[PDB]
């Protein structure tokens, strides 16, 4: 059996969904700047082991249509979780709870899914992005700008049109290659006018996990769609901060496994390692199982270390 692609009408969107296997549903949620395609290895492994793997393209990505690119306010965390809740109702009508696997912005969506609707998630495997406790004093954009300054990627992503104009002359393939092959623990810097010049390159041998065919799949989708839908998620971070005040003090009560690559830039945010390892993470997420750090791996662990990630998912969900 091959991977089946369908379109599902949900939360005002026409959402592209890729599917493989039969049995209990596992929803895979991708991050930035990625696609359903990022789960290619895991869908195969889990389907061959008696699970039904479902991976959509998210609001503003790939073959998912309907979101107003001109309005970043329609890319809030409330809209994104709304999309996922609607999807699950449409595609898993007979499972009250499903398994969720998520990465990066997908992981952020999944954290809030669990906060808003724990009645929908039986267990969670999150990659790269740890639970981010709301800072009472400032939003994420402001907090990271205080640490890393004006050229931080999240800061530079904020003004509509700006980063799109920077990527325009460079091309989708060169931007995507530069990001996917990134290994340095520093955040991305996009100083005005300087293209991809502020981004360090790793030795070529360390990206042998990414074929030219794989890179082309990503590049071809993003050349068509552009980067606006994807980047809009970061533009909604200031409103996300305001809109999430009701959940100050709320815990995630879903059984959870967290996995991160050693060199993931997110893992190197000041204070992140302390939060993760010394009790803060477990206090917000009481059913957090043992945290897994992948030695010698960077941000894109589902593609860089597919066997390790696939087996970690299988072993976790088999416990339920």
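Residue numbers count along the first chain shown, from 1.
Mean temperature factor over C-alpha atoms, higher-scoring stretch between 237-245 and 162-170: Looking at the record's C-alpha B-factors, the answer is 162-170.
Of the two stretches 106-114 and 200-208, which shows the higher Cα B-factor on average in the entry? It is 200-208.
Checking the record values for 231, 85, 101, 147, which has the greatest CA B factor? Of the options given, 147 has the highest CA B-factor in the PDB entry.
Hey, out of 76, 128, 139, 181, whose CA B-factor is highest in the deposited coordinates? That would be 139, according to the entry.
Is the Cα B-factor recorded for residue 81 in the lowest, middle or highest third of its chain? Lowest third - that is where residue 81 ends up once the chain's C-alpha B-factors are sorted.
Ordered by C-alpha B-factor within the chain, which third holds residue 268? Give me lowest, middle or highest, please. For residue 268, whose C-alpha B-factor we compare with every modelled residue in the chain, the answer is the middle third.
Taking only the Cα B-factors deposited for this chain, tell me whether residue 56 sits in the lowest, middle or highest third. It falls in the bottom third of the chain.
In terms of the chain's CA B-factor thirds, is residue 68 lowest, middle or highest? Ranked within chain, residue 68 CA B lands in the highest tercile.
Split into thirds by Cα B-factor across the chain's modelled residues, where does residue 295 land: lowest, middle or highest? CA B-factor rank for residue 295: lowest third.
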